[PDB]
Amino acid sequence: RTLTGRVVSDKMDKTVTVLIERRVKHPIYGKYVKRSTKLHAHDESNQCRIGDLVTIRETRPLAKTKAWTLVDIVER
Amino acid sequence: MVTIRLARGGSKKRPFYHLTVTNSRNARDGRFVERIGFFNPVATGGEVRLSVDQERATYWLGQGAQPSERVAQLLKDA
Amino acid sequence: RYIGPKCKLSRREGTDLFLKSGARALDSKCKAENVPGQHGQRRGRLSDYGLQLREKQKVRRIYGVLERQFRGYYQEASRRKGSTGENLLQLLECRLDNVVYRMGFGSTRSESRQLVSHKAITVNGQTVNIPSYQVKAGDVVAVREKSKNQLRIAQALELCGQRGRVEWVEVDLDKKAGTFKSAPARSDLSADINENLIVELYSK
Amino acid sequence: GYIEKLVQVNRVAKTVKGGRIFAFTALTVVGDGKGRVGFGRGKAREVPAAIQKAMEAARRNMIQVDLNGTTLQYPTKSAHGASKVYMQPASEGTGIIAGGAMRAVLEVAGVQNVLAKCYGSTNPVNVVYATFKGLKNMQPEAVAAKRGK
Amino acid sequence: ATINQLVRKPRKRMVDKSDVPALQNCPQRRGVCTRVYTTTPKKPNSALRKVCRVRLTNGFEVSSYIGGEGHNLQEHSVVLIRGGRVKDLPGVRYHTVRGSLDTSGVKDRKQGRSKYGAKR
Amino acid sequence: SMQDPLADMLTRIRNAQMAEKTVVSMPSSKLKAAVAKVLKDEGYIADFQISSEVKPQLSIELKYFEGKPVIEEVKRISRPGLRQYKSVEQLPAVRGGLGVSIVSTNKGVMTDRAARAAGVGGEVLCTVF
RNA sequence: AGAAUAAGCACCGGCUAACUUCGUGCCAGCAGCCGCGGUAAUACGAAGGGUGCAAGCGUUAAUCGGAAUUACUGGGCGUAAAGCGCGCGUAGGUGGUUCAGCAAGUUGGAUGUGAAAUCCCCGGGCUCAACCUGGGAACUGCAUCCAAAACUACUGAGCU
RNA sequence: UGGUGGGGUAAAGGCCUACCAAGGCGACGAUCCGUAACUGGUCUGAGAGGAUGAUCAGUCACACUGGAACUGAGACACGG
């Protein structure tokens, strides 16, 4: 219930996209690779700038390609 | 529609039943909700007749499932 | 089962095979002094894989077994846990084709395999007619009560202490009924086989 | 050892200005049933002498392979030239499951469940080399560690 | 070749192309004889062999070898094709099977009767 | 450049094992010092010798057998590239268990015998055999 | 009632331990790799015998295998195939050194599952085997949860 | 691709809509191009795997071809 990513684009109101990165293993190659995942997060008040770190929550979808809202700015 | 029902496994001229809990939306031998214990009317030495467990059989009668016609008079063998 | 004339099969091996036709001898009139085939007045190059063949192609020619049936019996040796060679000849001695003669109701396996198909040898009060039943340690072995005055059953009771006792059964000669006591190990067998060298004819 | 096993014959030629004269080399191994393996071949004209001109050095260079008793010491990683050899011990019931020249050297050592392999070159001239360097460094206890385990 | 370079561009197993352009994973494929004629073997041997040209029902123009020691495949037969590459004949990879539909069968041919088309 | 601290020490002693030198000195870390302490307890080396000055160094005193010395090879498994994070059920019994198979865990950079009887797996570091 | 109603196929030059001749003569042909046939043919056509395993035996086709012959396990590159002619360096891969912190990767346990089938063992039954099921085993997986801090990333102050 | 006003679906949602802004996707392979139902599984394999989806079971999809609703609890309905 906690997904964390760094802010990469904020030029739209009430909506922000982050890179929820991870590092997981390749199945037949063994080397742990990074796999970037670019979610969309909904902001209620639009207070997130590029380079911020946030956590998010799942609910009913807020738009097309958006089903995750803003919980809290963890750090900056 | 929810129903406890005899369902043919086994071989031809070799009946074996499962007593599936089904939906009556599916076939006899596919997509059962639950298998409670079996039946075997070709039961000979060493083979138990029916593995009817009343721990789960209460629940579908409690949640509203029905015997078909024969399933009522397998519970009458108790 | 293999059929036909059988004096010509006693010549390739050198052993008596327990394949005969009477009650006095074997390879004593059917001229066993050579190595047959197409042309066999000369020998040469008698070595490993063709010997591993002549091992299994002897064991095939004794026990009434086909390679449909016999290389499925190597399949249970790996299904057996450990010691695959002697555990092959376990099921050839839980075989009923051999143990009618290992008791001695028939003259050979060629009369043992035959009469059990002719509804003679029951197992445990049932009606079994297969030459492949797997006798457990501790059933009776009886004869159906219409082949008792079959007198070629009485033409086999003379070789009990003449082909030697097996010392693994306890039989009643008056009833013509026996009892298989237990399974053998590799001390109760004839020493003409190589049990873990039939095994080596599996990968090549 | 008297439990010799022939590995390979191979028909060698060489040329004189008169013509081609042929010679036979033949490699055999010699073990004792308990683990002293040897190597060698001979250069002669004929078949039945080139296997006992192999015995000329096969009883020589015999070294006691440090067995455990019917089972090999370790999973093995070994090589000579362009041949590489893998081995590992087996448990109880399987017999000879090595191949070609690997079943000759690993059957005269007293171990029977062998499970040996050939990688790189398959030349039996250089194959029997990597097998004995697989058996030259066997030790259950002969490490200099001040500990039994 | 390294594991980094494997995640970038993995090792593709190269496919083996099949030997028969026709017989598209089919054990037999019927044809119609365009031309039967005579062909010489390759140089270290010498003989006279008789091959056929067929159009198949896949519409393909390949040569099949009439494997008999005698045949009446009279220029428009309905011959059936197996694979297998005859070594001494260059460039051809098919055989006409014997006793199929219009292939009459080799005279006596008293051993291997399942090969060269003989009853009993 | 140098890219791995402890693979640089595990190479530099093996060519000294086939050379005639005894005391090996290199600029060392705590990572290389925690590895060195466990195999002197397995009878392979002795007296790791933190120099305890600025630019601290390790003087590992490796023992000789008569002729060929005690450690044939040290095979790196988890190098830095493919780094072999392995569980407790899948620990390598290297040479029948005569390799001690040191595996970095939370409660200690420790051999495979104590890694299984107190079950934590992780970085399977190197062959010690 | 009575042996009356039942066997066939392919090969036999090699590395397959099934291995005389008769006809044919670089002809006719066979064959998977070598090859065989150019006049005593164990290689090709019969007969004459064996042998493979059997109501099936063979060969056409397709799949994986041996194939370390796409090598993560587990390969290569001076001359066999293979180092761009070499730089600056973007993403990226990996990153000297110490304490502390985080708990993403890593590690253990917990719980829901991972449907049933199939498979793997113990069985029960068909007179036996298939087949049939009962019991479990298996399902290396997935997220959640708490516990761990040697190492990696990340975070901060540094050390040369 | 977002934002709100409304409109609408049994139900969230540019799904539909007007207007406001210039965002969105993509070198971890977008878009285009060729190919194919998918999976439990199956077959060869020491395993890793590789090949693979006939009977069996789950889900999907279609009903001469295409568009479309209607009725109904449930369809954009194989013998409507």
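Chains as they are written, first to last, in full-length UniProt numbering: chain E, 9 to 84; chain C, 1 to 78; chain X, 3 to 206; chain G, 11 to 149, 151 to 160; chain A, 2 to 121; chain V, 2 to 130.
The C-beta atom is built at its ideal place from N, Cα and C for all residues, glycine as well.
Under 9 Å by beta carbon: chain V residues contacting E/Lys39: Start at 1 with the first residue of the first sequence, and residue 39 of chain E comes out as number 31. Neighbours of E/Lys39 on chain V, chain order: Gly82, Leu83, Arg84.
Give the interface partners of V/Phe66 over in chain G, defined as CB-CB distance under 7 Å, in chain order. On the sixth sequence, position 65 is the one that residue 66 of chain V refers to. Neighbours of V/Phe66 on chain G, chain order: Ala155.
Write down every uninterrupted run of the alpha helix (DSSP H) in the segment 38-93 of chain X whose length is 4 residues or greater and which is fully enclosed by it, in chain order. 50-64, 69-72, 75-81, 86-93
Span of the alpha helix (DSSP H) around G/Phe142: Residue numbering aside, residue 142 of chain G sits at position 132 when the fourth sequence is read from its first letter. Element bounds for G/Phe142: 134-142.
Are the C-beta atoms of G/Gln83 and some chain V residue less than 8 Å apart? Residue numbering aside, residue 83 of chain G sits at position 73 when the fourth sequence is read from its first letter. For G/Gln83, the answer is yes, since a Cβ of chain V falls inside 8 Å of its Cβ.
So with Cβ pairs under 8 Å, would you call V/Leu99 a contact of chain G? Mapped onto the sixth sequence, residue 99 of chain V falls at position 98. Yes, its Cβ sits closer than 8 Å to a Cβ of chain G.
Whose C-alpha, out of X/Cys96, X/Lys60, X/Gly108, is nearest the C-alpha of X/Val137? Translated into positions along the third sequence, residue 137 of chain X becomes position 135. The candidate whose alpha carbon is nearest that of X/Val137 is X/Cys96.
Alpha carbon to alpha carbon, how far is G/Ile106 from A/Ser115? Indexing the fourth sequence from 1 puts residue 106 of chain G at position 96. Indexing the fifth sequence from 1 puts residue 115 of chain A at position 114. Their Cα atoms are separated by approximately 40 Å.
Note down the Cα distance separating X/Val125 from X/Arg81, rounded to an integer number of angstroms. Within the third sequence, the letter at position 123 stands for residue 125 of chain X. Within the third sequence, the letter at position 79 stands for residue 81 of chain X. Answer to the nearest angstrom: the Cα atoms are 26 Å apart.
Would you say A/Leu74 lies against chain E (beta-carbon separation less than 8 Å)? Stepping through the fifth sequence from its first residue, residue 74 of chain A is reached at position 73. With 8 Å as the cut-off, A/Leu74 does not count as an interface residue toward chain E.
Scan the segment 88-106 of chain G for residues whose Cβ lies nearer than 7 Å to a Cβ of chain X and list them as they occur along the chain. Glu102, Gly103, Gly105, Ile106
What are the boundary residues of the alpha helix (DSSP H) that V/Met27 is part of? One-based indexing of the sixth sequence puts residue 27 of chain V at position 26. It is not in any alpha helix (DSSP H) - V/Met27 instead sits in the beta strand (DSSP E) that spans 24-28.
What number of angstroms, rounded off, separates the C-alpha of G/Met112 from the C-alpha of C/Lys12? Working through the fourth sequence from its first residue, we reach residue 112 of chain G at position 102. Working through the second sequence from its first residue, we reach residue 12 of chain C at position 12. Near 54 Å, if we compare the C-alpha coordinates of C/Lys12 and G/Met112.
What number of angstroms, rounded off, separates the C-alpha of X/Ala79 from the C-alpha of X/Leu53? Locating residue 79 of chain X in the third sequence gives position 77, counting from the first residue. Locating residue 53 of chain X in the third sequence gives position 51, counting from the first residue. One C-alpha to the other measures close to 21 Å.
G/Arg46 beta carbon less than 8 Å from that of G/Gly11: Walking along the fourth sequence from the start, residue 11 of chain G turns up at place 1. Walking along the fourth sequence from the start, residue 46 of chain G turns up at place 36. Their beta carbons are under 8 Å apart, which means G/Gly11 touches G/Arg46 by this criterion.
Just mark V/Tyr65 as buried or exposed, buried being the case when its beta carbon has 16 or more other beta carbons within 10 Å. In the sixth sequence, the residue the question calls residue 65 of chain V occupies position 64. Answer is exposed; the Cβ neighbour count stays below 16.
Rounded to whole angstroms, what's the CA-CA distance from X/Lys206 to E/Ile36? Just pull it up for me. Counting from 1 along the third sequence, the entry for residue 206 of chain X is found at position 204. Counting from 1 along the first sequence, the entry for residue 36 of chain E is found at position 28. When rounded, the distance between both Cα atoms is 33 Å.
Quick check on the burial criterion: 16 or more other C-beta atoms within 10 angstroms. Buried or exposed for G/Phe142? Here residue 142 of chain G refers to the residue found at position 132 of the fourth sequence. Under this definition G/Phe142 is a buried residue.
Please name the residue, chosen from X/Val101, X/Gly127, X/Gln128, that lies closest to X/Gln116 on a Cα-to-Cα basis. Reading the third sequence from its first residue, position 114 is the one you call residue 116 of chain X. Considering only alpha carbons, the answer is X/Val101.
Can you tell me whether V/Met10 is helix, strand or coil according to DSSP? For the purposes of this step, residue 10 of chain V is taken as the residue at position 9 of the sixth sequence. If DSSP states are grouped into helix, strand and coil, V/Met10 belongs with the helices.
Would you kindly work out how many angstroms separate the C-alpha atoms of G/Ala100 and G/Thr80, rounded to a whole number? By one-based count along the fourth sequence, residue 100 of chain G stands at place 90. By one-based count along the fourth sequence, residue 80 of chain G stands at place 70. Computed Cα separation, rounded: 10 Å.
Measuring straight from C-alpha to C-alpha, what distance separates G/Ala114 and V/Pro93? Here residue 114 of chain G corresponds to residue number 104 of the fourth sequence, with the count starting at 1. Here residue 93 of chain V corresponds to residue number 92 of the sixth sequence, with the count starting at 1. Whole-angstrom Cα-Cα distance: 30 Å.
So, G/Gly103 versus X/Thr129, is the Cβ gap smaller than 8 Å? The residue given as residue 103 of chain G occupies position 93 in the fourth sequence. The residue given as residue 129 of chain X occupies position 127 in the third sequence. No, the pair does not count as a contact, with Cβ atoms beyond the cut-off.
Count the other C-beta atoms from every protein chain shown that fall within 10 angstroms of the C-beta of X/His41, then say buried if there are 16 or more, exposed otherwise. Here residue 41 of chain X refers to the residue found at position 39 when the third sequence is read from its first residue. With fewer than 16 Cβ atoms within 10 Å of its Cβ, X/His41 is classed as exposed.
Run through the DSSP bridge pairs and tell me what E/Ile36 is partnered with. Walking along the first sequence from the start, residue 36 of chain E turns up at place 28. Bridge partners of E/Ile36: none, in fact.
Any C-beta of chain A within less than 8 Å: which residues of the segment 16-41 of chain E qualify? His34, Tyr37, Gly38, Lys39, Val41
Run through chain G and tell me which residues come within less than 9 Å of residue 1 of chain X, C-beta to C-beta. Shown here, chain X extends from 3 to 206; a query on residue 1 of chain X therefore has no answer.
In chain G, which residues lie with their C-beta within 8 Å of the C-beta of V/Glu43? Position 42 of the sixth sequence holds residue 43 of chain V. Chain G residues near V/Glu43: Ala156, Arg158.
Rounded C-alpha distance that separates C/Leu50 from C/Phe16: The residue given as residue 50 of chain C occupies position 50 in the second sequence. The residue given as residue 16 of chain C occupies position 16 in the second sequence. Straight-line Cα distance between these residues: approximately 10 Å.
Expressed to the nearest angstrom, what Euclidean distance is found between the alpha-carbon atoms of G/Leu37 and G/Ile73? Taking the first residue of the fourth sequence as 1, we reach residue 37 of chain G at position 27. Taking the first residue of the fourth sequence as 1, we reach residue 73 of chain G at position 63. Cα to Cα, G/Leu37 sits roughly 18 Å from G/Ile73.
Please list, in chain order, the chain E residues whose beta carbon lies closer than 9 Å to that of A/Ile4. Here residue 4 of chain A corresponds to residue number 3 of the fifth sequence, with the count starting at 1. Chain E residues near A/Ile4: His34, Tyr37, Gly38, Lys39.
Is E/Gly38 near V/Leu32, with beta carbons less than 8 Å apart? Here residue 38 of chain E refers to the residue found at position 30 when the first sequence is read from its first residue. Here residue 32 of chain V refers to the residue found at position 31 when the sixth sequence is read from its first residue. Contact flag unset, no.
Given the structure, does G/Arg158 come close to the ligand HEM, in the sense that its CB is under 7 Å from one of the ligand's heavy atoms? Within the structure as shown, the ligand HEM is missing, as the structure has no ligands at all.
Closer than 8 Å is the cut-off here; do at least three beta carbon pairs connect the segment 88-96 of chain G with the segment 53-64 of chain G? no
From the DSSP output, which residues share a beta bridge with A/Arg30? Here residue 30 of chain A refers to the residue found at position 29 of the fifth sequence. Note: A/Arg30 sits in a beta bridge opposite A/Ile82.
Between the segment 108-118 of chain V and the segment 60-74 of chain V, are three or more C-beta pairs nearer than 8 Å? no
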